[PDB]
Structures are given as C-alpha cells and as structure tokens.
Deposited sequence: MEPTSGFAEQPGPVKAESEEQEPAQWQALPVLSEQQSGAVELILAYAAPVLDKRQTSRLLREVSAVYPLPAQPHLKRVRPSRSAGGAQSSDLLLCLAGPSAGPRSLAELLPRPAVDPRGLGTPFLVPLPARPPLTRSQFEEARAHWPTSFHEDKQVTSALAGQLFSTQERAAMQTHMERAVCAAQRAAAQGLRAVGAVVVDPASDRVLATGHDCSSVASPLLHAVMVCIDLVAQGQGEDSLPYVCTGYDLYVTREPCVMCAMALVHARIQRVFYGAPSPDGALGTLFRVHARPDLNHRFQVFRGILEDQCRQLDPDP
C-alpha cells in the first residue's frame, strides 16, 4: 500500500490564495447548457482554466441543483444583479437567479490538501494524482530499485538502489545500487546511475545527462546526490522514504529553488512500506 506525495517548495506548499467571483443559481436546469455557452463566451476566464463553470449541489434528500460561475469580481465586489453583470443580447439570463459572491482558488491545486481545500469552495480539476496504469509502472520501477538495494545489502554495501527511466518509452536506462567502499567512498546509488546513463549516451550529447528522464531511488538523496541531479537536469524523481539529511524534502529542497537554473518534480512515498527498511542516503 502506498501513495505518491509531491514535495514542493515551502512557497507552493501553503494554501492557494482566494479571489472573489460572481456565481448565480440555475433555477431552470434545462437552460444549463445554453447559459454555460452564452456566459462563458462573454467571460472565458482564461486565467482560471482549473475551475469548472457549473457547481453541482446535492440536497439532504438527493435532489441536485447547480450554480453557474459568471465572472471574476472587480475591485469593488459589491452586490450585483444579472442585468449589471450579463450583457444582452449576448446573454439571455432567463433561468438564472440572483448573483452571489464566492471565493475561488486563484490557481490549480498541487497537493491533496490543496485539492480538498479547493473543491470545498468550487469544483476544481486535477481526484487522484496518478492513474492505475501510472501507479503500476511506478511500482514496477521502484520494485527494481528495491531489488538493487537488497543485492547491495546481501553483499555488505549500503542498501540504496536506483533506476533511471526514459518516460517517453518507459524503458529503463540504468539500474544501480550504492557501491561505496573504503577506496571509493562517493559511489552513492545516484552517482553510480548518473555515470551509467553518461556512458551509454551518444557522441553529440550535452553534459545534462539526465535531461527528460525519471529517477526512482529507494530513499531520499543526500546533498551531493540531490545537487548532482540538479546539474544533470533530471526531470522527475520518485523516492520511497526520506533520509535524515535528505535534500529533496527533509533538510533541503534543492529541486525547487528559484536561484538555481533548474527545477524538477519530486514525489515521496512510492512503495515507502518496503523502502523505509532500507538504508538512508548517505
């Protein structure tokens, strides 16, 4: 059992700010499609494509009514009438009730907490983060990383495993575990994998070895590995459990900084059940 949690900068982790808008009840439900067409042609709401325009409501009985999102509120968010908000003949307002103010999420949700908060005000687009097909693929790649970590454990190496995947073809480009030794102490699993991707790449290649690729690593990368991924320009990282000195969520979030020339997505929790019994990085 597992769930993928995004790891965002502290800025993007809080609550989305709210903006005020006008909605109106749809009293004649059979006007809904016409009203939606007429109003959204006048007020397309280009800055808020995450908002559905019709809010269904179920009554304490099962009866369903609907509100229609008309437009954003101006600088003076006073009471407004249908005649004040909707031009004729561009809109025939018959079937709408009196407009009311509603606060709306200004930007689309990214976390589950944000999605719940958002849809408490108004229906918002995304239920769950990953499709069944996606979760199956992610589990398969993390299982391969777990298996690499367990091979390392059986040999007496630090039990960290990693897999690099090209999500264009879902093919595995590299599989590695920690190989650090007394003679070679910096062979962390991510460093091994980056060097594997490097050696298998073409002649007219840029040094941004990981551009476009996904990384699955059993536990959260240390500062060295995390910043290697910034320099190599990984596109997404999935990890299982945090590390105490981890730099993709725990002590730092170097993937989500404005002053580094590359940002990327990070999710924790993938197969965390198994990964938490493996070794932290370093």
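Going by the record, the unmodelled stretches of the deposited sequence, in order, are 1-24, 151-161.
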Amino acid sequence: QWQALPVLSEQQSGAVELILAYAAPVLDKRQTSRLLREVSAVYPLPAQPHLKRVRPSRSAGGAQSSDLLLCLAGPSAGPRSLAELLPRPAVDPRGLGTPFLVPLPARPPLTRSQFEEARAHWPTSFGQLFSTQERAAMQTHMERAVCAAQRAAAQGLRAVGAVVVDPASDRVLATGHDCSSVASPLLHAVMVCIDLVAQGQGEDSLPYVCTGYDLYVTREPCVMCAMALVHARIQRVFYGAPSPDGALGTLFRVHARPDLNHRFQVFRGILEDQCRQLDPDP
From here on, numbers count along this sequence of modelled residues.
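The mean C-alpha temperature factor is higher for 53-61 when 230-238 and 53-61 are set side by side. Here 200-208 and 154-162 are compared by their mean Cα B-factor, and 200-208 comes out higher.
When the C-alpha B-factors of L72, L82, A137, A145 are ranked from the entry, the top spot goes to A137.
Looking only at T98, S184, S131, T175, the residue with the top Cα B factor in the deposited structure is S131. Per the deposited record, the Cα B-factor of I19 falls in the middle third when ranked against the other modelled residues of its chain.
In the PDB entry, a CA B factor belonging to the highest third of its chain's modelled residues is recorded for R171.
Ranked by Cα temperature factor within the chain, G269 sits in the middle third according to the deposited record. Sorting the modelled residues of the chain by their CA temperature factor places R119 in the highest third.
The entry lists a Cα temperature factor for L35 that places it in the middle third of the chain's modelled residues.
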